[PDB]
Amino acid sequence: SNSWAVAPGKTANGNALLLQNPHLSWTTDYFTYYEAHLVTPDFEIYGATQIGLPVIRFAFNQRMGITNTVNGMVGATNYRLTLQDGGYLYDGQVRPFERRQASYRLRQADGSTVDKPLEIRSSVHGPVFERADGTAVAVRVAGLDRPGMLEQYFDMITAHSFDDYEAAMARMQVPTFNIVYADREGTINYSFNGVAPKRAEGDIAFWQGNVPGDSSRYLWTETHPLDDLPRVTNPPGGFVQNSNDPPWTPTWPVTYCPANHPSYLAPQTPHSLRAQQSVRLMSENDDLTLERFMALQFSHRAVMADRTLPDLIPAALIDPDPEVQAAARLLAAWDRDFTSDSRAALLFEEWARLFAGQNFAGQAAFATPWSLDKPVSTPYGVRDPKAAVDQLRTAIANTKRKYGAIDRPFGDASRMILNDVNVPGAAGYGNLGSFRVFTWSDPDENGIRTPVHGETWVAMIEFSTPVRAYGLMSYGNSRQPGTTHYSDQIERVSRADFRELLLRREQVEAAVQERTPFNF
C-alpha cells in the first residue's frame, strides 16, 4: 500500500494533494473494496471501503480526506503456557484455568446439522489454544473494550477541522493502521495509529514471539495514548508518506528517530525498495500539479537492477556458457523499467528470486548493507559475484521452463484478465522497487500470469475549490454473478486512463444511468 500527502507550498496551485493507494488480495472476499458517495444536508463523503463496512475508510470531500496503510501494530501477545497438574504454572504456583463448555452446529453433506462440543479454557492472559506441535498458547488482545471503531472513522472523515479530526483519533478506537490526512485548509499529517500495550521491557521482536506465560511480569494491562505514538504534521519537507515501511522516514528531512519511542512499537528493518522510491519521488519533486502527481504514481522502476546489474553483468560475461553471456547482454541492454515490451524483465525477476529470496526481501547477498543514514540508496552491489552468476545460470533455466524463452515480452506473459477482457500488463513486484504494484502470480502451463495482489482502489485528489479528483478500481464496483461492472475498468487500468470522480450534484446528474428512489 502507498500513501502521499502534499503541503500547499510543494504544489503549483497551492492546494494540498492526496493519494489513496491500498494494496490487497484481488480475490479474498473481506478484502474487496467498494466505491460510493453519500450526501445529506449535513455532510458528504466519497470513497472506497471494505465490503460490509458501514463507513468509508478511504474517504474525501470538498473539505478533507484520509488514507490508510498497514503498520502491523503488535496489538496482541501469544503467551506460551507451562502446563502442570491440570492447570498452568504462574508466579511460582499452579493456577487453574477458567473453563466454559460451549457448542456449535456443523452442517452435514446431506443438509442436516450435527451438534459439536467446544471447550473454552482461559488463563489470566486470555483464551487458550493448542498448536499442532502440542504447545499451549494463550492470546491476549488489546482494545477489546473499544466499541467505537466505526464511529471514530465516521467522525474523523466528517470533521470540520483538523482539530476535531485529531480529537476523534485521540479516542483510540481504531486498533491499527498508519493514517494520512490533508484538507482544503492546507494541513497534512501522518499518524502511526493503533492500540499498543504499555510494556517495561523487550523489543518488538520479543513481543512478536512466544512470550513466557508463567509470570505476571509480562502481563500488561495498559495501552498508550495518541501522544506516545510517532506522528508528523506540516513537516519542513512539505509532505508525508508511508508504503508499509517502518515509520522512520515519514518525511524528508525526518522529524524524529527510533530512539524517541519505546522499541516495541515498530520494527527497525531495511526499508523496501518501493518505499525508497516513495521518498525519492516526493522529495525530489517540487511545484507539483495534480496531473504530474498522478504521473509519478505510475512509476515502475526495477530499482533492484540499479542496485545489482553493475556488478552482475561484468562477472556473468566471463562465464564460458555462451547462453549466460547472451543473458548478460540482454539484461544489460534493458532500460530497467517494468514495461509491457521488456524482453529482459522476466529473466531479471527469476534471478532476483534466487539472489534475494522468493519474496525479494533477502539482504545477505548485497555488498553494502542498508543504513538508516542512507535510507534511499542502500543496500547496494553484489557481495559474491561468482555465486551470483551461478544463480543467474539457474535463473536462465527457470525462466525458459516457466515462460518458454529467456526473452519473452513482459506484457505477453503478464496479463490482467477479468471475464472476457484480456489486456497487457505493466509494473510489478513492489519489493523490486515498483511503486505501482502488481504482484504477479505463478505462470500457468502456457506462461500466462495475472495479478493476485496489488493496485485496487487508486485515487488522487487536489483540495482546490471545488476539489478535483480521479480514480479507478481494478476489479470494478461489483462482483455479483452476471454484473457488467466487474471487468469494465480493467481496460482503463492497463492504460492508466483514470475516471474523474464526481462529487458535484450537476456532474452526478449528467452521468446518471439509473435512478433508485427509496423510503426509510
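Just count from 1 along the sequence shown to find any residue number.
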Using only C-alpha atoms and the B-factors in the entry, which stretch averages higher, 291-299 or 211-219? 211-219
Per the record, averaged over C-alpha atoms, which has the higher B-factor: 81-89 or 437-445? 81-89
In this crystal structure's PDB entry, the residue among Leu144, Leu226, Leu432, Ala345 with the greatest CA B factor is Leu226
Determine which member of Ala427, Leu150, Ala102, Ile188 has the highest CA B-factor, using the values in the deposited entry. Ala102
Lowest, middle or highest third: which one holds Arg408 when the chain's residues are ordered by CA B-factor from the entry? middle
Record-listed C-alpha B factor of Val508: chain third: highest
Lowest, middle or highest third: which one holds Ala328 when the chain's residues are ordered by CA B-factor from the entry? middle
Using only modelled residues of the chain, where does the Cα B factor of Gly237 rank: lowest third, middle third or highest third? middle
Split the chain's modelled residues into thirds by Cα B-factor; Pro466 lands in the middle
